[PDB]
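Single chain ahead, written as structure tokens, the form deposited in one PDB entry.
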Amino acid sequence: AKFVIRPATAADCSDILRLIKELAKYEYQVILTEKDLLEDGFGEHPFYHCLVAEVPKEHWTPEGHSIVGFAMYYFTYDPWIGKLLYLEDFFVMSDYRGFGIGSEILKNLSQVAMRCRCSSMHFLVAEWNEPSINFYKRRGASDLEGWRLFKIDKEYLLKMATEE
């Protein structure tokens, strides 16, 4: 009912994976491990940053968890405009929604963007996810040729890395 928003620490990684998997579940599997998450976020070069919502013992989940929400983000670069904050995952446990946790994470995300001089914050939302679409729209969000996403998988990267 009351809560604190703070940067994640390494000891939060198990809760982060649990919430990544709960958001995946809401959108739809997840093959990332706690160890990856730990190395990728808290090693020498962080590949993502996380804000976490923490509730007092009074309001811990039935399973005993203090962390009831999170956001995962990273920076991207638009070579026409400049740096962007990219919001990757954003989720509050179903029983703690509607009490301002979300809005507080978004204020903290907003602060990061201004500190870091991002012109905009970018994020994906599913078509069917109507409550989230309206929630974002209320806060200023607009929606954005025809350019296709391509990927080259590690087996082909390996081939090119190791040909001369």
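Start at 1 with the first residue shown and count on from there. What we label the rigid core is the largest C-alpha set whose atoms superpose within 1.5 Å from one form to the other. Shifts are known only where both forms have a C-alpha.
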> Looking at the other compared entries that model residues on both sides of it, is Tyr48 unmodelled in at least a third of them?
Replying inline: no
>> Given that the flanking residues are present, does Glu63 go without coordinates in at least a third of the other entries of this protein?
In response: no
> Residues with no coordinates between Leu144 and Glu145 in the deposited sequence, how many: none, 1 to 3, 4 to 9, or 10 or more?
Replying inline: 1 to 3
>> Neighbours in the displayed sequence, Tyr28 and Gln29 may still hide a gap; how many deposited residues lack coordinates there, none, 1 to 3, 4 to 9, or 10 or more?
In response: 1 to 3
> Comparing 45 to 53 with 124 to 132, which has the greater mean CA B-factor as deposited?
Replying inline: 124 to 132
> Which of the two stretches, 60 to 68 or 112 to 120, shows the higher mean Cα temperature factor in the record?
Replying inline: 60 to 68
> Per the PDB entry, which option out of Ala1, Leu157, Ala8, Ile5 has the greatest Cα B factor?
Replying inline: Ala1
>> Quick check for you: using the entry's CA B-factors within this chain, is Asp95 in the lowest, middle or highest third?
In response: highest
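Although not depicted, the form deposited in another entry is the subject of the following passage.
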> Where among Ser110, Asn129, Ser120, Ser66 does the Cα move by 2 Å or more between this form and the one not shown after the core is superposed?
Replying inline: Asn129
>> Once the core is superposed between this form and the one not shown, does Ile152 show a C-alpha displacement of at least 2 Å?
In response: yes
>> Can you confirm the direction of the Cα distance change for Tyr96 and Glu130 in that other deposited form, closer or farther than in this form, given it is 3 Å or more?
In response: farther
>> Please list the stretches that shift between this form and the one not shown, defined as three or more consecutive residues with CA displacements of 2 Å or more after core superposition.
In response: 127 to 135, 145 to 162
